[PDB]
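A short write-up of the structure that comes next.
Just so you know, all these numbers are worked out from the coordinates, no wet-lab data involved. For neighbour counting, all protein chains shown are included, and Cβ atoms are generated from backbone atoms with ideal geometry for every residue, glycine included.
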RNA sequence: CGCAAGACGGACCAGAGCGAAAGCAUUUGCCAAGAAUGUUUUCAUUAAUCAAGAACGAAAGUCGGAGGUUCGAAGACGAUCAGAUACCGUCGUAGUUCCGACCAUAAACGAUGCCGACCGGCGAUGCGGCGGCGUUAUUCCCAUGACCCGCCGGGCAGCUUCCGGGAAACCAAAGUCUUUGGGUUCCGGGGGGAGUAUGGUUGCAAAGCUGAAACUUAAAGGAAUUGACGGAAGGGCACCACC
RNA sequence: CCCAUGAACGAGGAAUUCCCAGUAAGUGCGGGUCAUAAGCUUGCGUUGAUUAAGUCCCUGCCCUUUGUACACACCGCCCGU
């Protein structure tokens, strides 16, 4: 005998300053009615945001998980929680008659963020190649995987969240692997396919307000 | 009669013969 | 039931998790999050007959009822997350998928980005039905 | 939605379970450069006008 | 009488491959034995792409595809008319139909 | 959103590789092993096949622990049906997973023992080596990768052929067979009875290996051809079909 | 033949037949039968349409490929208590 959506306040969602297009959308919460607080029950919502919505003019297939780390007031301030690939793109890349190569790196940034980057790579049929197969040797594959693991530790351990995400928005890690591995086996469709959030440090609001200018 | 189920019936029949020969020992 | 955003320019996006099994179809609009649901309707809610819970008509009625309840709370657009049963079972969306998606397009709503979110395993547990399978 | 008229420019085949429907290439005589394929009951020849109660369906070809 | 030279499967120097579960039934089929399709498919067929293009928020949005790999048992495949009985000469053609 | 446990390693994944076979598919490290190629290295007949004897041996099954996610014999229930101790469905114990011991069997198949020689062709492919215009990466060239073009050896195979063989299907081996002899092991002798009885032996058990006879019977069977039929696929026709 | 009596039947359930042009259907008249004789049949005109110029959906038939332990041939063959 009562409309439950009459008790909801539509709070706006803000992306950090490393993205061009600012606001993502809105998200309704219940008003602080008794013990439960809006802000406390709102502080763990994950937004799967296509990068073409979030950046002005980039590829659309990349997605960014964004948790509402803190709420200022009518503003869900978000922080990075994991890059992902649209399975449309991920499946599209995996075709027969070539070697799929993957490499995961359990890594830590300068500040207390622990990531789990997942690289992917596909051996390229050359311009003059008549042979259908286009496969790599097992030692060629694990030389590539060793390079992938080296390059991803190199481009995460030296810099912070904001700079590695500005390396994730282009294919700075993916294109560097694609360059470095030409001498081993020329592979073409080389991306970081997923980043996963494992540890964050104790929350500082000064750190998040530096992420939001 | 499938040759597998023939082999199953001959095993049960043997298993009853070993059960009935044992009771004189 | 008011999204207090500006009159014209800006759109109130949501996301509908369209779960199309072969023996039922769900149309489930949520907020950008997914954690706060706006409206949910299945096929078996609309049809008084157990055999055609997954029928494309049940999914059409479902999507129309959602898109009506969705326009009330002030949601203009929808992202889509199409889902099939998945796991060890079938990874094709059921016959209510295309009817429900077409229906809410026809029923006024705007369409953002579409993707499959089907639970595809690396390799799951042993699938139901025996060695010799589902004989009929 | 309005009730529109379309002219049969080509009668493609005979579809339907009992072959009871001509499948027809129709040209919209309002928007004179828009054409769709469309199922029709009864005897149809080239250059007779169909009354469409909606102009947004399109039949699946033979 | 030996009907197929390969024995209807594609192992020559193994003696065992892993069983896949048939997608239609749940039948356990040797991987090499199974009749495999790779269905790329647009999430909407023909009638709904007309509607999405008009009710899309975006500027000439290319629609996403749904990448299934179907594994069939021989019985499911023939019943569902994926494969088909052929003449003893025409059986030997390994060319996929156009 | 998380958290936990236990299974399993999709897509890449192939008439691809490796392994004596059973079998083997996430990453990284360690531990020993192995084929093939390369060799103007060494020993110098050390070999091939094998009664006895020995190692390994899918799944199921057994005994003692650890674990129990899913699936699931038995079981209970709901359906179908005339009945339905089936097929379908909801649950569901043993089991399925791990360690330690058994077990020793599979349509364990290539239904094709191993070693050796000889006898057409062609395109591929996997591994190693060798040679060759040219593109390409390390750019700063060297030499290595990625391709391309050939050669050689060994490998899984493939296509073609009046080698030749075969009852034929078919087979570069199932050929070199009445023009019959390269070496060697196992094994068959019409169909049943019967892999039964009985004795031995192995096993905790289930069962394994070895293994008859009386009696019974004119066929059982193999390949191929023509028909008929099909609840297999496709094509065509008819107001004694339909619309 | 005459007078008289004046029942059901208010367009037909499941199912099913025949038919595309002078056709269907309406309508009578001949022939066969016939001593007596048409609710039948076989012919003839007369009046004269609806719909369709298609398909393999149903029902049959015929193909081609396929499988077979069938061959007086699926009403076949055949297994166990």
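At q = 0.10, 0.19, 0.23 Å⁻¹, what log₁₀ I(q)/I(0) does a Debye calculation on the Cα points of segment A:96-213 give, no solvent, two decimals?
Each listed q corresponds, in turn, to -0.36, -0.96, -1.27.
Distance in nm between label sites at residue A:150 and residue C:126, each 7 Å beyond Cα in the beta-carbon direction?
Those two pseudo-labels are separated by 4.6 nm.
Strictly greater than 12 Å: what percent of every Cα pair in chain D meets that?
On the way: 1210 of 1891 pairs.
Here the tail beyond 12 Å accounts for 64 percent of pairs.
Place a label point 7 angstrom from the Cα of residue D:3 along the Cα-to-Cβ direction, then list the residues of segment D:19-55 whose backbone nitrogen is under 19 Å away.
D:28-31, D:40-42, D:48-55
Based on the Cβ-Cβ distance from residue A:31 to residue A:210, what FRET efficiency comes out when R0 is 30 Å, to the nearest 0.05?
On the way: r = 31 Å, r/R0 = 1.02.
With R0 = 30 Å, the Cβ-Cβ based efficiency is 0.45.
Run the numbers on chain E and let me know its relative contact order in percent, using alpha-carbon pairs under 8 Å that are six or more apart.
Computed over chain E, the figure is 28 percent.
How big is chain E by Rg and Dmax over its Cα atoms, in Å?
Using the Cα atoms of chain E, the pair Rg, Dmax is 19.1, 63 Å.
Considering only DSSP beta bridges with both partners in chain A, what is the antiparallel share in %, to the nearest 5? Let's see the in-between values first.
Numbers: 36 of 39 bridges.
Taking every DSSP beta bridge within chain A, about 90 percent pair in antiparallel fashion.
Let's test the formula: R0 of 60 Å, r as the Cβ-Cβ distance of residue A:100 and residue D:48. What FRET efficiency results, to the nearest 0.05?
On the way: r = 58 Å, r/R0 = 0.97.
Efficiency, rounded to the nearest 0.05: 0.55.
Could you work out [θ]222 nm for chain A from helices alone, using -39500 (n - 2.57) per DSSP H run of at least four and dividing by all its residues? Round to the nearest 500 deg cm²/dmol. All intermediate terms of the calculation are to be shown ahead of the outcome.
Working: 7 runs with 59 residues, N = 213.
For chain A, the value works out to -7500 deg cm²/dmol.
For residue E:17 and residue C:35, what is the calculated FRET efficiency with R₀ set at 56 Å and r taken between the beta-carbons, to the nearest 0.05? Can you show the working numbers first?
On the way: r = 44 Å, r/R0 = 0.79.
Calculated transfer efficiency: 0.80.
Please state the relative contact order of chain A as a whole percent: Cα pairs under 8 Å, 6+ residues apart?
20 percent
So what is the orientation-averaged projected area of chain A, using the convex hull of its C-alpha atoms, in nm²?
Values: hull surface 60.8 nm².
In nm², the orientation-averaged hull projection of chain A is 15.2.
Treating the angle as unsigned and between 0 and 90°, give the value, to the nearest 10°, between the Cα long axis of helix C:97-106 and the longest Cα principal axis of chain C.
Around 10 degrees separate the two axes.
Only Cα pairs under 8 Å and at least 6 apart count here; give the relative contact order of segment C:1-109 as a rounded whole percent. Don't jump to the answer; show the numbers that get you there.
Values: 243 pairs, mean separation 36.3, N = 109.
Reported as a whole number, the value is 33 percent.
Binning every alpha carbon pair distance of the protein assembly as shown at 10 Å from zero, what are the percents per bin?
3, 13, 19, 22, 19, 12, 6, 3, 1, 0, 0
Placing one identical point scatterer on every Cα of segment C:1-126 and ignoring solvent, what is log10 I(q)/I(0) from the Debye formula at q = 0.14, 0.15, 0.19 Å⁻¹?
-0.58, -0.66, -0.97
Would you calculate the separation in nanometres between label points at residue C:68 and residue E:81, each defined as 7 Å from the Cα along the Cα-to-beta-carbon direction?
Computed distance between label sites residue C:68 and residue E:81 equals 3.9 nm.
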